[PDB]
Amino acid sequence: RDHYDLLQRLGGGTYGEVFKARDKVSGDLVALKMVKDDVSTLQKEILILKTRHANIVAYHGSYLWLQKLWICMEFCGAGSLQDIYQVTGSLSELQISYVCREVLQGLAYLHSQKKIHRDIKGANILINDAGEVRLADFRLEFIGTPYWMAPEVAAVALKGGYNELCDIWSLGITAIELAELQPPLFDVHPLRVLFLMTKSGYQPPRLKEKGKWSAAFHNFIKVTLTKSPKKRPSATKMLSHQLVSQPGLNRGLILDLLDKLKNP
């Protein structure tokens, strides 16, 4: 409050209470997230956030003022991939490929720290001005969006049991999302989507157009969208997949996309 100047509410309830702020001593842009009772318990949860990955939005500081918690993070100028594709349209196969590798690297770190993101979706993958892909590491708000749920997460509403492998399924849905501007079954009732997953003969989703994509992209979708969690590969195993281990994958693919965002 006394060090930063608030400028713009970001998310519109999607993120919660996020603010685009400017430092009075640096002038640099930051993201301030306000979280809705004890003093000693609050200072313990912050210390663990400073100990930091290339594909994770970096922590800056925390502020406990008048019953409000101010989580400070880095500002990704372009916003989320969803904000980007609402202007640029669908991403190229190589753009999606690079985005998947970067998300998979962030998930490898998160899952190694015994954490589960649980919300991997287009609107939760941020792209900074530098063309870098970053995820966010954080009675409470139920985390999860029906269309991006793994079958073991949807079924959890009857016969519980899920693990870090759900983020692999969510990344699979997000790959289809970045290609078709909508997840599979976006047009179908969320209970019906999460009900058809719980029935026999269930077929995991694929890209609508077969001819528009390569067999490696089609295999990445087949492999990440494995119905069985036991057979679904780990984030590190996925990193060696033909699609995300291609040689042309560089940050420039996103500097191209960010240029289309500026002037299409």
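Heads up: residue numbers just count along the shown sequence, starting at 1. Rigid core here is just the name for the largest C-alpha set that superposes within 1.5 Å across the two forms.
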Next item on the list: Any chance you could tell me whether 148 to 156 or 101 to 109 drifts more in 5 other deposited structures of this protein, judged by RMS CA distance from this form after superposing on the core?
Entry: 148 to 156
Check: Taking C-alpha RMS after core alignment, which stretch differs more from the shown form in 5 other deposited structures of this protein: 213 to 221, or 53 to 61?
Finding: 53 to 61
Notebook entry, point to check: Count of coordinate-less deposited residues separating residue 36 and residue 37, as none, 1 to 3, 4 to 9, or 10 or more?
Noted result: 4 to 9
Check: According to the entry, are there none, 1 to 3, 4 to 9, or 10 or more residues of the deposited sequence without coordinates between residue 138 and residue 139?
Finding: 10 or more
Check: If you average the Cα B factors in the entry, which is higher, 201 to 209 or 40 to 48?
Finding: 40 to 48
Check: On average, are the C-alpha B-factors higher in 71 to 79 or in 118 to 126?
Finding: 71 to 79
Next item on the list: Going by the recorded CA B-factors, say which third of the chain residue 243 sits in, lowest, middle or highest.
Entry: middle
Notebook entry, point to check: By its CA B factor, does residue 160 count among the lowest, middle or highest third of the modelled residues in the chain?
Noted result: highest
Item checked: Among modelled residues of the same chain, the CA temperature factor third for residue 255 -> lowest
